[PDB]
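Residue numbers (this note's numbering), protein chains in the order written: chain A, 1280 to 1567; chain B, 1280 to 1567; chain C, 630 to 727. Note that the Cβ used here is the ideal one computed from N, Cα and C, for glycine as well. First comes the structure, then the notes that go with it.
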Amino acid sequence: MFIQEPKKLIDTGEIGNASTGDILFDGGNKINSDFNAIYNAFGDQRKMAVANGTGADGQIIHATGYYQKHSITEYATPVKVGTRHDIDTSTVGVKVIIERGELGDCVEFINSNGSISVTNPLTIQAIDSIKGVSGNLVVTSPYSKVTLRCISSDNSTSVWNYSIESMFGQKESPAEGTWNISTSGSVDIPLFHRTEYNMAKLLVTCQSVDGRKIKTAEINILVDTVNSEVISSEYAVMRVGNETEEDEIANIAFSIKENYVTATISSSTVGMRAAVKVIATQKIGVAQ
Amino acid sequence: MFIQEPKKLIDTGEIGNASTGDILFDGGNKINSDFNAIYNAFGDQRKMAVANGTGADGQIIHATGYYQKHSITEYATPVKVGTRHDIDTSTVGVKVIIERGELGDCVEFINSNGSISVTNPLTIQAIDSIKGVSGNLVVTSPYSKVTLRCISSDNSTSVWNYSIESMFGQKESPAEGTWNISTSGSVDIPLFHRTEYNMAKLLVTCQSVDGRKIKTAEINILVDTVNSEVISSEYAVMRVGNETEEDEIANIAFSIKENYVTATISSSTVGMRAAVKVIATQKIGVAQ
Amino acid sequence: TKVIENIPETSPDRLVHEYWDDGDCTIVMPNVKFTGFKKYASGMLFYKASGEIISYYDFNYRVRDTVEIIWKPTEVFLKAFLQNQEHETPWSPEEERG
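The following block contains the structure:
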C-alpha cells in the first residue's frame, strides 16, 4: 500500500513576484505526490515498486477504479477507509483490520479469483464495531465483495453495517413493471425474449383503481422450449376484494408472443392495477 | 458543493521561449482548480471550508469515491449529474433537483445512516422527466441508494430511468451453475458450506441434451443444523418431456456432504442438462 | 537587437498594450534604452519577434553606441482612426416625380 497525502495546493502569491525555482521546487513535491494518490487509487500501488507509477508500465487510472492488492503485512495495520482492495486468501485466512471510521466511510474489498473459503477465510476489524458483527467478521465466500460502510462514528463509536455480494452472476430481472388492467380487461406483456430463460418466477398483483379488489398469486413458470410454450404452477392464492373463491379480481394467463414469454392477465373487473414483477429466473448454459 | 471547472490544460508553446513566471502563474490556477474537482469528487467538498482540501485534513481520493454531503440549500439548486451525494433526511424531507441530463448521465446518492423515512422522504427533480416517475420521485427508504441514469436526453427530453438499492444486506447466491446429468445419471453438488444458511431456496432445471425433456420443480429447503440434514419441500411441479406423471426427466435428492449442503440430482435419462441456481437463502444471526 | 517582449497573455507587468477602443485602436510602448553599440547606427526597427516587422524608426540621423527614445504621444506611438467615412455613396440621375 503506497501511502497518500491529502490534497496539497500551490501558492500563486509565489512565482512571478518571488523566487521562481524554489516555490516551484516545492510545488512539484505536491504535484508528484498529488497524482500519486490518484493513480495509486485507480491503479496498482505495487506499480510504485516499479518506475513509481511512471512510464507506460506506470499506474493508470481505472474509470472502474482498482482494488489494491498487497501483502497481509500491510493489512496487518489498520487499513484506511475509502480504499478498494483485492486480496485472495488461498495462501491463508487473513484479518483485514480497519481504522475507526466516520459516518459514511466506506471500505471496498474483493477476492477476484474467489480463493476465499473456510480454508481461506477473511477476518476484519473495523475499530470499535461493525453493525451486526460481534467482534471481527470472517468471510469464507469465494468471489465475494467486502464492502464496509461506517454508519456511525460519533465520538468513539465506529459502527459499520455490512454489505457483501457475489462478484458475478446473473442478477437481472427480465420483466418488472406496473399497469392498469384495460377496459378490455386484459393485456399481453412480453416478459423476456423467449430464449432468455428456461425458468422464471414472477409476482403479479392486480389491484382495483380504488384498491379494494387486489389479486395475488404465486407464479412459477416452466418455459417450454420445443413447444414454444410456458408451463405455469399457481398456488398459495391470496385475495382481498375477492367476491368469489373462483378466479377473482383478475385472471392470469400465459403465452409466448413475438419471441417473448407473454403473460396475458385478464380481469373481468375494469380499472385493475396489475404490477408485473419477475422476481427470479433460470436458464441453462453449458455444462461446467 | 464545491464547484468544479472542466479540464483546463497548459500551453507548452509557452515557458522556455516565453515569459516563464506568467505562463506558469496561469498554469497553477488550472492545476490547483484541476485537482480540486478530483479531490472534491473523491473527498468531502466540505473540506474546502477547511484548508481548501490542503494539508493532511485536506480532501483525499477514495478509490470507492465519496458521496458528497451538503446542506439542502445547495441541492435547492439543480444538482449536476455525475455526482455522488450522501444526505440524511432525518432533519426533514428534501427535494434533490437535478439538471436536465444526457443519455448516460448518472446521479448517485445515498443516505448512509438510513435516516430516510416517510417522515424523512426524499424528493427529486431531474429536468423534464424521470422514466417511470410522474413528476418528482419521493424516497422514504432508509439505507437506500439513489442512482439516477438519464436514458434519454435528445433535445429537451431528459429521460431518467431509475435504480435504487438497499445499501446493505446479504445479496449473494451461494450456489448457481449448470451441468449435464452424468452417464451415472446423477451427481452431488456442494451448495454452500453447511453452516452458511439456515434456509435456502433454489431452482433446478433438468433438460435433455436435445432439450425435449426438461424437468422443473420448486425447491424449498430447511437446513437441519443438529442432524446435519436439509429438509426439503417440493411442489408446483412442472415438466415438458415428461413421460410419466411420477418422478420424471430427473430426480432431486438432497444431502449435506463435505460441510456442504449437497443436492443429489439423479436422472434416469442420460444427457440431461441441469442448471442448479439458488435464488434465495436465509441464515439467523444474533438478536437485534 | 534588444527586444520588447514577453509578459505574454496580458500579464500585468508588461504595460505593453494594444487597446481596441472607442471606435479605434491604441497601442502603447515604454521608452526604449540602447547603449554599448560601439558603432554608428541609423534608424531603429521594431521587429515583430514572430517575424516580419511592425514599423520602422528612421532615427532622423546617425548616432553611435547608444539610443534613447520616448513617444512624444505619451509613450503610445499609435492611435488608429476609422472615423466617419462611408464608401458607397454614388450620384445618379433621377426622376423628380411631382
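Practice item. Return the residues of the segment 1312-1338 of chain B that lie within a Cβ-Cβ distance of less than 7 Å from chain C, sorted by chain order. Key: Cβ contacts with chain C: none found.
Review point. When you compare only the Cα positions, how much space is there between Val1425 (chain B) and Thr1541 (chain B)?
Key: Taking the straight line joining both Cα atoms gives about 39 Å.
Practice item. Look at the alpha carbon of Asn1506 (chain B) and the alpha carbon of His1364 (chain A), and state the distance between them as a whole number of angstroms. Key: Taking the straight line from one Cα to the other gives about 39 Å.
Practice item. Grab me the residues of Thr1484 (chain A)'s own chain with a C-beta within less than 6 Å of its C-beta, minus the 5 sequence neighbours each way, in chain order. Key: The residues are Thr1495 and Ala1554.
Practice item. Could you tell me whether any Cβ in chain B is nearer than 8 Å to the Cβ of residue 608 (chain C)? Key: Because chain C spans 630 through 727 in this model, residue 608 (chain C) falls outside it and cannot be assessed.
Practice item. Could you pull out every residue in the same chain whose Cβ sits closer than 7 Å to the Cβ of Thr1462 (chain A), ignoring the five residues on either side in sequence? Key: When the five nearest sequence neighbours on each side are left out, the beta carbons in the same chain lying within less than 7 Å of the beta carbon of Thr1462 (chain A) are those of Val1549, in order along the chain.
**Study point:** Terminal residues of the beta strand (DSSP E) in which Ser1545 (chain A) lies
**Key:** Its beta strand (DSSP E) spans residues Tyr1539 to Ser1545.
Check your understanding: Is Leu1288 (chain A) helix, strand or coil when you go by DSSP?
Key -> Residue state, collapsed to three classes: coil.
Review point. Where does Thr1398 (chain A) land, buried or exposed, given buried means 16+ other C-beta within 10 angstroms?
Key: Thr1398 (chain A) is exposed by the Cβ-count criterion.
Check your understanding: Is it a yes or a no for the segment 1315-1323 of chain A touching the segment 1333-1348 of chain A, going by three-plus beta-carbon pairs under 8 Å?
Key -> The answer is yes - the segment 1333-1348 of chain A touches the segment 1315-1323 of chain A, with three or more Cβ pairs under 8 Å.
Exercise for review: Starting from the N-terminal side, write out each stretch of the beta strand (DSSP E) that is 3 residues or longer and does not extend beyond the segment 1385-1456 of chain A.
Suggested key: Every unbroken stretch of the beta strand (DSSP E) spanning 3 or more residues and falling wholly within the segment 1385-1456 of chain A is given here in chain order: 1385-1389, 1401-1405, 1424-1431 and 1438-1443.
Check your understanding: Going along the chain, which residues of its own chain have a beta-carbon closer than 8 Å to the beta-carbon of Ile1544 (chain A), five neighbours each way excluded?
Key -> The answer, listed in chain order, is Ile1460, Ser1465, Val1466, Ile1468, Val1483, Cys1485, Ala1529, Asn1530, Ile1531, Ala1532, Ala1553 and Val1555.
Check your understanding: Taking just the CA atoms, how far does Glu1497 (chain A) sit from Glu1513 (chain A)?
Key -> So the two alpha carbons sit approximately 5 Å from each other.
Review point. Using a beta-carbon distance cut-off of less than 7 Å, what residues from the segment 1453-1485 of chain B approach chain A?
Key: Along the segment 1453-1485 of chain B, the positions whose C-beta sits under 7 Å from a C-beta of chain A are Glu1455, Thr1457, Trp1458, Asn1459, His1472, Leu1482 and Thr1484, read in chain order.
Point to revise | Closer than 7 Å at the beta carbon, the chain B residues around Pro1357 (chain A) | key: Within chain B, no residue comes near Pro1357 (chain A); the closest Cβ sits about 16 Å away, beyond 7 Å.
Point to revise | Contact under 8 Å by Cβ, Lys1480 (chain B) with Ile1558 (chain B) | key: Remark: C-beta atoms of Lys1480 (chain B) and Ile1558 (chain B) approach each other more closely than 8 Å.
Review point. Is there a Cβ from chain B that is less than 8 Å from the Cβ of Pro637 (chain C)?
Key: Answer yes: the Cβ-Cβ gap between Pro637 (chain C) and chain B drops below 8 Å somewhere.
Check your understanding: Going by DSSP, what residues sit across from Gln714 (chain C) in a beta bridge?
Key -> None, per the DSSP bridge assignment.
Practice item. Pull out every residue of the segment 1370-1391 of chain B whose Cβ sits closer than 9 Å to any Cβ of chain A, in chain order. Key: Look at the segment 1370-1391 of chain B: the residues with a C-beta under 9 Å from a C-beta of chain A are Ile1389 and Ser1391.
Practice item. Kindly indicate if chain C contains any beta-carbon less than 8 Å away from that of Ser1431 (chain B). Key: Against chain C, the CB of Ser1431 (chain B) has no partner CB under 8 Å away; the residue lies outside that interface.
Review point. In or out: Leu1401 (chain B) buried (at least 16 other Cβ within 10 Å) or exposed?
Key: Classification of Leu1401 (chain B): buried, given that the 10 Å Cβ count is 16 or more.
Point to revise | Cross-chain neighbours of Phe1304 (chain B) in chain A, by beta carbon under 7 Å | key: The answer, in chain order, is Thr1291, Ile1294 and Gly1295.
Check your understanding: How long is the line joining the alpha carbons of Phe688 (chain C) and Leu644 (chain C), rounded to whole angstroms?
Key -> Approximately 24 Å between the Cα atoms of the pair.
Check your understanding: Skipping 5 residues on each side, what residues in its chain have a beta carbon closer than 6 Å to that of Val1519 (chain A)?
Key -> Close CB contacts of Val1519 (chain A) within its chain, under the 6 Å cut and outside five residues either way in sequence, are with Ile1493 (chain order).
Check your understanding: If you measure from the beta carbon of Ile1340 (chain A) to each beta carbon in chain B, is any gap under 8 Å?
Key -> Chain B contact via Cβ: absent.
Review point. Excluding five sequence neighbours on each side, which residues of the same chain lie with their C-beta closer than 8 Å to the C-beta of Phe1471 (chain B)?
Key: Result list for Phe1471 (chain B): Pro1453, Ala1454, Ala1479, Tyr1539, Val1540, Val1557 and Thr1560, in chain order.
Check your understanding: How is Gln1283 (chain A) classed by DSSP in three states: helix, strand or coil?
Key -> The answer is coil: DSSP assigns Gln1283 (chain A) none of H, G, I, E or B.
Review point. What residues in the segment 1413-1429 of chain A have a beta carbon less than 7 Å from any beta carbon of chain B?
Key: Within the segment 1413-1429 of chain A, the residues whose Cβ lies closer than 7 Å to some Cβ of chain B are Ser1413, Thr1419, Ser1420, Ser1423 and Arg1428, listed in chain order.
Check your understanding: Out of A:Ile1302, A:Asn1331, A:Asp1305 and A:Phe1304, which has the shortest C-alpha to C-alpha gap to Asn1315 (chain A)?
Key -> For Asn1315 (chain A), the nearest C-alpha among the options comes from A:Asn1331.
Practice item. Measure how close the beta-carbons of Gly1383 (chain A) and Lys1348 (chain B) come, nearest whole angstrom, since I'm counting them as under 8 Å. Key: Their Cβ separation, rounded to whole angstroms, is 7 Å, which keeps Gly1383 (chain A) and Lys1348 (chain B) in contact under 8 Å.
Check your understanding: What did DSSP end up calling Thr1504 (chain B) once you bin it into helix, strand or coil?
Key -> Of the three classes helix, strand and coil, the one that applies to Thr1504 (chain B) here is coil, per DSSP.
Check your understanding: Do we get a CB-CB distance below 8 Å when we pair residue 1590 (chain A) with the residues of chain B?
Key -> Nothing about residue 1590 (chain A) can be read from this structure; chain A reaches only from 1280 to 1567.
Exercise for review: State yes or no: is the C-beta of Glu638 (chain C) within less than 8 Å of the C-beta of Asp1301 (chain B)?
Suggested key: Between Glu638 (chain C) and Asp1301 (chain B), the C-beta spacing is below 8 Å.
Practice item. Decide yes or no for the touch test of the segment 1437-1446 of chain A against the segment 1441-1450 of chain B: beta carbon pairs closer than 8 Å, at least 3 of them. Key: The segment 1437-1446 of chain A, when compared against the segment 1441-1450 of chain B, does touch it at the 8 Å Cβ threshold.
Review point. Buried or exposed: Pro1285 (chain B), going by 16 or more other Cβ atoms within 10 Å of its Cβ?
Key: Per the 10 Å Cβ criterion, exposed.
Review point. Nearest-angstrom Cα distance between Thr1333 (chain B) and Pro659 (chain C)?
Key: Rounded to whole angstroms, the gap between the alpha carbons of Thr1333 (chain B) and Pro659 (chain C) is 41 Å.
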